[PDB]
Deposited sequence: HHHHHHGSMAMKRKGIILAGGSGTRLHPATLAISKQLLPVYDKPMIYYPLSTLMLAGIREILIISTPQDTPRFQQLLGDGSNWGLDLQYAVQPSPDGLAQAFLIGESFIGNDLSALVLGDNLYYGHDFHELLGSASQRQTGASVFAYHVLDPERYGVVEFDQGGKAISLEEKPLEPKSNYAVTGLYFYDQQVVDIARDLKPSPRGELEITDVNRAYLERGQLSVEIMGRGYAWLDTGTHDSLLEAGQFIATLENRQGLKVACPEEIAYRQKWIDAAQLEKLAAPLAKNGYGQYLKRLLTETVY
């Protein structure tokens, strides 16, 4: 069945001003590409093609100019705005008619993932046609996120949002898969102590016992881009991987062509406008080179 994807690329507030005064976080580069390329590549990796990008009233035309209607990468892109940063769950209100009758999946515009068999870890998430699937990852600072609590035997029992006293060190990453049940669950939500919390959306699935909570192991890197210090670290992290390997991370053109969403000829047409820099040359090398 049909599964659609949202990228919530909204306002980081004033938290990183003045770095973000001119233009929103998710259009900043992480090393060699816009930050958005990374969650865009995430959805593409779970095999999602029809995608809704949400952002500030101001930055939406810029995400638009950046991406187009997607048709160039064998994707289908539709855009929507969020008036005020009133919580991540608000993505499910804004995208209701986009979501329609289908299965959905929400990724944060400022979250990076990297690792082996990542395709498969998402592939097994996208496959469950019922309930919701989220990921837990061990971190040093669990307070900054939705913390998940497991019982003596591996089962999820509590989910607290930014708790002052973490129970475990297990944070909920910014990737989520939901069934047809999500939108309605989101309509019945009340503001928190003042946002529509993604964690309530998840605990509503936990109480109905339909939150599947799979561990994303220490062999995976989950980076968020929350501080100037960490945004820097993620640029160094990508830079080291890409220069070591001669291969890119979250290059969508490559992700499309590999999922066979565009033929060798279309990819080449995408290589043309960027032939002079290394980014194009990279796409061009993808026509002749075998990469396992």
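*Asks:* Note down, first to last, the deposited-sequence stretches for which the model contains no C-alpha atom.
*Replies:* Missing C-alpha atoms (numbering from 1) occur across the ranges 1 to 10, 204.
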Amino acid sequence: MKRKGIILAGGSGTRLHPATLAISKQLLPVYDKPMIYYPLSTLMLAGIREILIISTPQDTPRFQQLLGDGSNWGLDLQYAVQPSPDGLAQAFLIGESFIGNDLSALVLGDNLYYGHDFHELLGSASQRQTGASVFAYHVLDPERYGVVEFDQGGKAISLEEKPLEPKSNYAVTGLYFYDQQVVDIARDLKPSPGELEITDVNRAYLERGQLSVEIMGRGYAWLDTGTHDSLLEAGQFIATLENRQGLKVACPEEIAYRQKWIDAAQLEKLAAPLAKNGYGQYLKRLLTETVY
From here on, numbers count along this sequence of modelled residues.
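Superpose the two forms; the largest set of C-alphas matching within 1.5 Å is the rigid core.
*Asks:* Once the rigid core is matched, which of the two stretches, 222 to 230 or 37 to 45, lies farther off on average in 9 other deposited structures of this protein by C-alpha?
*Replies:* It is 222 to 230 whose C-alphas lie farther from the shown form in 9 other deposited structures of this protein.
*Asks:* So 248 to 256 or 261 to 269, which one's hotter by mean CA B-factor in the entry?
*Replies:* Averaging CA B-factors over each stretch, the winner is 261 to 269.
*Asks:* So which stretch wins on mean C-alpha B-factor, 106 to 114 or 198 to 206?
*Replies:* The deposited B-factors put 198 to 206 ahead on the C-alpha mean.
*Asks:* From 142, 174, 217, 191, which pick has the Cα B-factor that tops the rest in the entry?
*Replies:* So the option with the highest C-alpha B-factor is 191.
*Asks:* Using the temperature factors of the C-alpha atoms in this entry, rank residue 119 within its chain: lowest, middle or highest third.
*Replies:* Its C-alpha B-factor belongs to the highest third of this chain's values.
*Asks:* Using the temperature factors of the C-alpha atoms in this entry, rank residue 291 within its chain: lowest, middle or highest third.
*Replies:* It falls in the middle third of the chain.
*Asks:* Using only modelled residues of the chain, where does the Cα B factor of residue 278 rank: lowest third, middle third or highest third?
*Replies:* CA B-factor rank for residue 278: middle third.
*Asks:* Grab the CA temperature factor for residue 87 from the record and place it in the lowest, middle or highest third of its chain.
*Replies:* Its C-alpha B-factor, which the entry lists for residue 87, ranks in the middle third among residues of this chain.
*Asks:* Looking at the temperature factor on the CA atom of residue 164, which third of the chain's modelled residues does it land in?
*Replies:* Within its chain, residue 164 is a highest-third residue by C-alpha B-factor, going by the deposited values.
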